[PDB]
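Chemist: Input: one structure, supplied below.
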Amino acid sequence: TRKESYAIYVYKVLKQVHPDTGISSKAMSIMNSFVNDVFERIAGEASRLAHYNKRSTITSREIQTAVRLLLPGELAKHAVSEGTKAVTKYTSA
Amino acid sequence: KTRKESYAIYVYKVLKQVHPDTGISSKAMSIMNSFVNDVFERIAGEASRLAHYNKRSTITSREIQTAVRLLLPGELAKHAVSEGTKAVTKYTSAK
Amino acid sequence: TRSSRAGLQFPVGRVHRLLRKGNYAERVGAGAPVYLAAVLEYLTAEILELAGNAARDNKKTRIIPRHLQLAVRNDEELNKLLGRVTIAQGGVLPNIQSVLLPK
Amino acid sequence: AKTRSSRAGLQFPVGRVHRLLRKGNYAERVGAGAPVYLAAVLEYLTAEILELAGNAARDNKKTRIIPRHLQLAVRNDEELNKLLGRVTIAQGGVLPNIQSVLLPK
Amino acid sequence: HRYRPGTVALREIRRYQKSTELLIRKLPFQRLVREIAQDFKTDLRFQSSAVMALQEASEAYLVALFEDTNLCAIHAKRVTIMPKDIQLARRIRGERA
Amino acid sequence: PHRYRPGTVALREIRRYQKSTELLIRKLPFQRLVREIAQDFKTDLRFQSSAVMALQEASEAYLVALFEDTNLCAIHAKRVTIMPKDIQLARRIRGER
Amino acid sequence: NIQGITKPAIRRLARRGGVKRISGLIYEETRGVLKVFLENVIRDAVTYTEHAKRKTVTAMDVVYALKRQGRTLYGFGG
Amino acid sequence: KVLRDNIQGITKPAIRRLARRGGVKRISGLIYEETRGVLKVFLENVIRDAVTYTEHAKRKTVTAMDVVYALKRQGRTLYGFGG
DNA sequence: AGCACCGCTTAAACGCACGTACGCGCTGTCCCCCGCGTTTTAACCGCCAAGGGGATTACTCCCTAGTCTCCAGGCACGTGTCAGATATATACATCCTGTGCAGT
DNA sequence: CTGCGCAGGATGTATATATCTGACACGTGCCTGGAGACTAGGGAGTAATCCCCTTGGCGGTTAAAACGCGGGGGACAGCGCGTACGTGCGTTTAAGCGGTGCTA
């Protein structure tokens, strides 16, 4: 049956970043875990923020501030910029 | 003047059920209310993952139950399942 | 009600509302607000038990935060449960390390 | 372009991140920028990590990133290391660090 | 007369473990709180309960910390706590690196 | 003949095991252990061979993390040899029971 | 300001802490420690206020922060 | 067939090997039993939980996932096995 | 795919012998904290005063859930080859060897 | 006639090779989850009023902070004893391998 995975997207980005470089089955697996972990961590903390503010909906404002709690500085800052960029990009297009 | 809820009155009633000739301070009352909400989240939360983990959409008394067994220490869990299974059966009696 | 119909003191209604609204799952069973309200009721009893005791021991009719703390930290099983919780105005248990004591 | 990923100029599947946020009971309703944002932040990080892993792979003269390479990556980066400060990587191993007082004089 | 060095120490321990009142006077603490927050955002107001909450959380934490610090002192056949203990305590807690 | 001085092979072995990632507990013993403990919780359980392997991955990580912090405790006490009491201090401080 | 955390106050906390004898360098060490603590908690707190669009940090922002950090506190609206 | 004393599978050279990756040079003889003590409290914790998931999933087989969920629960998240 | 069961192979584990260098117990010194009396600050309480901001309310419209039909992104499946693991010979480093050469 | 330092061996690691193998990475084709387009409905945003909570400033006693003084005991460093734990070798045990069969 279908087992979904971020295996393609991780490949894509790896090729973008280290084009003469492959990933092992285990390594992929690990990567695949990391995405899922950070997904929940983010998604969850966003969910708390909606709730805490009697709010029925998770908008990227939530996902943003979620990010500012979860990540350490340089990581957070870049990620925020990176994120609000693709949103802007997304609206217009 | 907003109508903020709590568990205060029920905490009290249960206090009477165990120590009829004893009272409580507001400061300790907050702590009892905090305690209740914290425990409610932790159990509810666990239950929530349980459902997901098992590709199922409903949080039943069973989910709650096993949640309790992950959340609680050996003995405290034990009694909890009791009172849990009890009040449920007693509930499904009446209608 | 339903607190009645399950012999509970704890609002079986309130609880069913909170589970549905607090985004734990799509649907919510009939037994669970009862099972849980009960477990909530059970545990608040154990605390109120041992704190009250402690207020007797500390010779007061009214329970203050300390009596909760004493009840909690002295109970091996409760203390675990609230292993990561600081209780306002709890203080600490009295404990002085041996080698610190006079000779 | 059709793919919402392309509209956002992203490698990550914004449709997937969208389904997940709903089949996940985080809230009644989900905005439309939230998947996008999140799908991107996911990307920043997989990139940020893959970057340092590849470098780790390189020094170890290797074509292929194996978990030691992720581990070396993670615990060498003050910040990534803290994000994953409570996490274990299968086959990671540990960083070579031997305490002073155990070294011969 | 004179009490032998360390004997009021033991007496004070007894007194404070018996009480639950806060040990840093509110206003210095309060001023410390406002200072630190200003560095994150300007023109801010605090609920008096918001300051108490912080105070409780902080003290409780520090006491816990001294507890564990004190054990390290003791682990080193010592009786005086020293910064090197705190560093070890926190290190093992995984607070500090 | 020839004889490496005490502590010389220890340092070597540290460096050996800090370069690699392969599991240190033997595979079969490990499994027997896990099957025991699990039996004594519920009889008639089977395991995905990967599920054992998970628990081991998780086990060794912990113990190596543990020894790390034990080691610090030995060194705290102007010692170089780790002792049960060291482990014991690490676990109290980690807030394990 | 920070030095507003007085030596005697730090002494009391260590007494309730179970500590008998205190080195001089501790006091300052305590201060950095306490500072780091508040910072992290107040950083998270404020972030909640910033997200609640308020100029007044509440108790609940604090409480939410302490939860985030695994230092849960009871008695301010759990 | 009955299973007994298996903790002594955790031989002394292994409890050694781990300590080395752990940066320990000199090991006191009373360490090896304390480690087994600890490893046991450790495995009893993860498996109590792993199992509770297995019981809830109404299964006779414990999966890599039940393990991983347990670890996550105990704040010892593990990558490499699903999740 | 998990358990069971078997045997060819051998790497690992066990058990003992030896001595080295570390755990710890003792001492001995020097000073860094505790106790305590008096001198100096600002914590605290009680009292009033003013406006910021948060709380509550009613309104409209943008945004998101829900629904259907439409199709390629993403998956499993299959497959062929090269990165990497494994085996074996060889050169390079050092920890400890046993000698001479230095100084009494 | 003796102590320290130098040389030299053997041991392990490092590395070079060739070698053999199976896992990743690719191409092909089949389907399910996302895209597209539309509606209807309620969330949230915004603006309009309120009053509660926060800040602020002021002055009285009153405890708490400060500061210093003096000497005691605890930290720490040096030393020496006693022994436990590292190392090595020969003996012994069972892990790991891959190969086959059975049904949960």
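In order, the residues displayed for chain F correspond to 39-135 in Swiss-Prot numbering, which applies throughout.
Note that Cβ sites are derived from N, Cα and C of the backbone, with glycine treated the same way.
For F:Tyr42, the entry in Swiss-Prot reads phosphotyrosine. The annotation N6-glutaryllysine is assigned in Swiss-Prot to F:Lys57 (among others) on the grounds of similarity to another entry. Residues or ranges marked as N6-methyllysine in Swiss-Prot: F:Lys57, F:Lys80, F:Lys123 (among others). Residues annotated as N6-succinyllysine in Swiss-Prot: F:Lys57 (among others). Taken from Swiss-Prot, the feature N6-lactoyllysine applies to F:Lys57 (among others). The phosphoserine annotation in Swiss-Prot covers F:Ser58 (among others). The feature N6,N6,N6-trimethyllysine is assigned by Swiss-Prot to F:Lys80 (among others), with similarity to another entry given as support. The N6-(2-hydroxyisobutyryl)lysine feature in Swiss-Prot is assigned to F:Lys80, F:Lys123 (among others). The phosphothreonine annotation in Swiss-Prot covers F:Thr108 (among others). Per Swiss-Prot, S-palmitoyl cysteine is recorded for F:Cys111, and the stated evidence type is similarity to another entry.
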Chemist: Just to confirm: which same-chain residues, 6+ apart in sequence, have a Cβ under 8 Å from the Cβ of F:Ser58 (phosphoserine)?
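Modeler: Within the chain, F:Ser58 (phosphoserine) has no Cβ neighbours under 8 Å at 6 or more residues' separation.
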Chemist: For F:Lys80 (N6,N6,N6-trimethyllysine) and F:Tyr42 (phosphotyrosine), determine the Cα separation and express it in whole Å.
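Modeler: It is 50 Å, counting Cα to Cα.
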Chemist: Hey, how far is F:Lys123 (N6-(2-hydroxyisobutyryl)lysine) from the residue listed as 'S-palmitoyl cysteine', Cα to Cα, in Å?
Modeler: 9
Chemist: Among the recorded positions F:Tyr42, F:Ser58, F:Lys80, F:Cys111, F:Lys123, say which ones reach under 8 Å of chain C by Cβ distance, listed as they appear in sequence.
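Modeler: Filtering F:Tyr42, F:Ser58, F:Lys80, F:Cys111, F:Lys123 for a Cβ under 8 Å from chain C leaves none.
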Chemist: How many other Cβ atoms sit within 10 Å of the Cβ of F:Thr108 (phosphothreonine)?
Modeler: 31
Chemist: Among the recorded positions F:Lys57, F:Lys80, F:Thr108, F:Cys111, which sit with their Cβ under 8 Å from a Cβ of chain H?
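Modeler: Contact set vs H: F:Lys80, F:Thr108.
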Chemist: With an 8 Å cut-off on Cβ-Cβ distance and a minimum sequence separation of at least 6, pull the same-chain contacts of F:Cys111 (S-palmitoyl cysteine), or say none.
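Modeler: Non-local contacts for F:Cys111 (S-palmitoyl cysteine): F:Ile120, F:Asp124, F:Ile125, F:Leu127, F:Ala128.
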Chemist: Between F:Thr108 (phosphothreonine) and F:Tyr42 (phosphotyrosine), what is the CA-CA distance rounded to a whole number of Å?
Modeler: 26
Chemist: Are there recorded positions in F:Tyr42, F:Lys80, F:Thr108, F:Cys111, F:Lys123 whose CB lies under 8 Å from a CB of chain D, and which ones?
Modeler: none
Chemist: Could you tell me which three-state DSSP class F:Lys80 (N6,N6,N6-trimethyllysine) falls into?
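Modeler: It is coil.
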Chemist: Identify, in sequence order, the recorded positions in F:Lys57, F:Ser58, F:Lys80, F:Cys111 that approach chain E with a C-beta to C-beta distance under 8 Å; the answer is 'none' if none do.
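Modeler: Only F:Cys111 pass the 8 Å Cβ test.
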Chemist: Please report how many Å separate the Cα atom of F:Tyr42 (phosphotyrosine) from that of F:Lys57 (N6-glutaryllysine), as a whole number.
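Modeler: Roughly 22 Å, rounded to the nearest whole number.
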Chemist: Fewest other C-beta atoms within 10 angstroms of its own C-beta: which of the modified residues F:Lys57, F:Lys80, F:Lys123 fits that?
Modeler: F:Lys57
